[PDB]
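Listed next as structure tokens: two forms of one protein chain, kept apart as structure 1 and structure 2.
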Structure 1
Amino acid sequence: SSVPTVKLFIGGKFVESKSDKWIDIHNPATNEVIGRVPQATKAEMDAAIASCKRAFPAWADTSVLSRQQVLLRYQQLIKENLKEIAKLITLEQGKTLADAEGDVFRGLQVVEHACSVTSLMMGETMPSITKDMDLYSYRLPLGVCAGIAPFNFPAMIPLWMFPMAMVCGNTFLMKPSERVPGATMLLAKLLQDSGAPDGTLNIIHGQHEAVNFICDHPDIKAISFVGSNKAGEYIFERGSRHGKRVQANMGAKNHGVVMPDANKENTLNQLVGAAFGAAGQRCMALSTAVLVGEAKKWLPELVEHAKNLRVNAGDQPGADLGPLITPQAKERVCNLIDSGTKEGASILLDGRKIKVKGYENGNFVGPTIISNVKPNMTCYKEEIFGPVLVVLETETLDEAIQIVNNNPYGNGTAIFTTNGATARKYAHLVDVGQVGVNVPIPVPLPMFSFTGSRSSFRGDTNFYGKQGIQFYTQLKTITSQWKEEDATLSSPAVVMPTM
């Protein structure tokens, strides 16, 4: 009856932590302790950073072609071991097997995009700016980088963070979430088996202690974070204070706009899948719906569609949404629903008291739909991050756009309509960096960049894409001048260069 311990990854060797404080890993479907992740000690984190620094020079001096082949073999291994990572994700995080497979597939797509380093790391040149003078620039790695991933995406966020940084020539110190480290450990093992030199990738687990270590250590040049607003802002501030570039994606309150001329059944199915998919534990979940004009008549049909969802453990066949991450999240969602009810909101569907056969101890919360919600309610201002859908009613699209713009969180939004003018007006007037036309989850594919907004993102450059490549890299502009008279030594030049 010995609980397995999550191994660290320092210097290319899976080593057990020598710390005293341990964090228990619970299965959200049964709340049973399945493992223990340790809090990395000062000495262990120091050794990890030292290994990253020692591997930086050799890994950077290595040609980009070798890193490309390494990442290609890593993507191959991911393809080979996709179902194992999906099962580990369903076990730790609790999301449905299909959700874990989609997560691993999006991570694989991000890796495959990163495999284009040959074309992404290309610089620029300008010959003959002046007589016998040239100008060109190079893209070079920054140094030791760090990453902090959330619990809702055990595999997608690490594959966003560390592959891009490593392939560009950096060495990454990945700090995965303390609730789902198994996916990150499997990814690190697959990377080590793909030819990655020892010390290039290192992993440490721990609570705010590790975050402070990452944000305070001077040898770390870049920090990537995805998670809540509080932790994201704290990390961004603590990083910028020491001079580290930090890109942090924070909570979101994406709004869905349903126009009267939109496809009824398809729009309702999309709303359901996006609001209750993965138990709503996504930074891109369409947790808010705005029914414009005659769209108010679709509330009964939306509730009927939401009633057809199956709430069961992730590993069970036919499951739609899994349980929540921890009982604390369930209590928070229940308290937020209670507050919404106390503020005058009407609940059309209530799944708080749902009970699953064989999983009575799991953190399950059924689909919840709240109507008559106003912008001044707590359930609207606070990020539910669960299987709850708040619905607002407006008479014109102008009011919907105004409501969307007034909300601080703008990670993404979607408008459903069959009229091109309406979609164009919405996409042009809405102050959201990720707009979706008939698409509820407008997650930009890897070749593009995850375009955060005012409140749902901090920093300057995005996570992946060309933005991602530019973030983990720095430009070295070289102004070269080779006078023609120096090609054949005849006499020294006594004239300073003049345009």
Structure 2
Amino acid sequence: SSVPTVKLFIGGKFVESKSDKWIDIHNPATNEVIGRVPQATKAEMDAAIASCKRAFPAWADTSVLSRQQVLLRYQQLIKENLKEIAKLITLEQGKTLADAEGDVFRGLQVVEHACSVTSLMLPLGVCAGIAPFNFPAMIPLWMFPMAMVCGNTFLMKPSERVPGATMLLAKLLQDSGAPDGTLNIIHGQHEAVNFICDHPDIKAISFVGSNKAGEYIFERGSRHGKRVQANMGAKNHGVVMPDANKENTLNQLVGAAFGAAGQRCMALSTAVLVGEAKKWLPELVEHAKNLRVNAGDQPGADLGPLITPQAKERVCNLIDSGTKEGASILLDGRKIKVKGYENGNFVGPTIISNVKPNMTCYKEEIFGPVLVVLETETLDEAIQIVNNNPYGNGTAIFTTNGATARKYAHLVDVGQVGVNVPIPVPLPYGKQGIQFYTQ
């Protein structure tokens, strides 16, 4: 009768959480309760830490070759259960099937890359990864393989509001024949983050979520002696030059901005229509309207709903504030009415114009199906505008001039630059993960 309760993988076995609190998780396409995620109590977290500590020596003594073979078996199991992970992601987040396939494929690629550490290879001890509360980012497949192959135990803190997607990964891991107790999964809220940061045994912490929470976790770990490699997915700015393919550029902008409800980290929400590119706004709005707003499981689901109704309320408030500041809303998704899924948190494609740095929308990470366009007079102005924002991870430029692309790539301080590509390196791990999880 009652919705199913998730059982945390602690001590090498899935055990029912005895906590009193149970955060109700609702399907974002219809706001129907699908499961409850429990807040890990002090006793459960202590038991998970003890399990990780007891599993650390065995997994460490395990030769690097054995760990690599175990990770290969896990990758094979993922390949077999790929559709299961896709369905889980589509159900929890309402994300389009194709986007779930892409996410699981990227996770598989990251796992296989982690497997290539055969010759590059001591472990630190117990490690933990903190996931964002926005969407079921595939951070487990991104970080857990590195800590594993390096010889460390991992305590993954996934997005409590989407536990099944991660629980299935731990199930497949246990099926991979790995030592029982190496991986532990705990859920909850800021309390669990505080616990993880305070505990001394944990040596490393990972976070890719919001800038505020990322800086908080970084400072807390530094004070409590933890190496944190937080890579928060801050805003992304795209400079659109006139000498570029209009149709392809517009399609890429629409997809990267509203794809998966624009909830992904590298969502290109911000754009810059420099050099008479302003004329492309009508076609952009037309392409946005052409997106089939529908549940991620049904066909024609170019963009899905928001993770939670609170997210929809936040997006509506942000759009209202932007409109109050004099920003013309050329496209309004607040009044979207999806047939058959009205109860869902669906928010149609939203486009904001004449936004400037003074606008709140520019100073706030929307993390939704909203796009903001800016205008400049020269390439140098766009470069300066992009540099002025300290919260930036990746940027893209669309142009057919080699000198323009060179100048943009060089003079721009962003670490990741894209030429004719909306989202370069969509992963934000990597080579530095070895040095991170080792010493």
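Residue 1 is the first residue of structure 1, and the numbers go on in sequence order from there. Basically, rigid core = biggest C-alpha set you can superpose within 1.5 Å across the two forms.
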The residue to pick from 152, 170, 254, 202, given a Cα shift of 2 Å or more between structures 1 and 2 after core fitting, is 152
What does the CA of residue 70 shift by between structures 1 and 2 after fitting on the core? Give it in Å to one decimal. 0.4
Once the two forms are overlaid on the core, the CA atom of residue 408 shifts between structures 1 and 2, in angstrom, by 2.0
